[PDB]
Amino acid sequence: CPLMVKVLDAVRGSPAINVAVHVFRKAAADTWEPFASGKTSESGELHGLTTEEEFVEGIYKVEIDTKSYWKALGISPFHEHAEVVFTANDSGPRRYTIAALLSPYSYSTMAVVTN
């Protein structure tokens, strides 16, 4: 599993459950193609988005739909979503964990890249 997403809720101290995640890949003409999507689990994790075969070198965008998450909890947040844009596998195949820590007016994101 080369690409995993983990989302945490800093208001409740819990995994952020059922958060929509969309992944896009930049295509040959400065257009962004849909690549994968899913919802985070009860542990705040999203696995199985892609395979090593399909996850080729390129520029990827991970969109985490934070506004819909906070609104479901009755909170009107600042951000529409959290976005993580990066080049993948430009130095060989890597495993990527994209983590996000969510608050209504702030988020932190971190990438753990392992070989």
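Residue numbers run from 1 along the displayed sequence.
Undergrad: Using the B-factors recorded in the PDB entry, average over the C-alpha atoms of 69-77 and of 56-64, then report which stretch comes out higher.
TA: Between 69-77 and 56-64, it is 69-77.
Undergrad: Would you determine, from the values in the PDB entry, which of 97-105 and 20-28 has the greater average C-alpha temperature factor?
TA: If you average the C-alpha B-factors of 20-28 and of 97-105, the larger mean comes out for 20-28.
Undergrad: Name the third of the chain's ranked CA B-factors that contains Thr87, choosing lowest, middle or highest.
TA: Answer is middle: the recorded C-alpha B-factor places it there.
Undergrad: What third of the chain does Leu8 rank in for C-alpha temperature factor, lowest, middle or highest?
TA: According to the entry, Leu8 has a C-alpha B-factor in the chain's lowest third.
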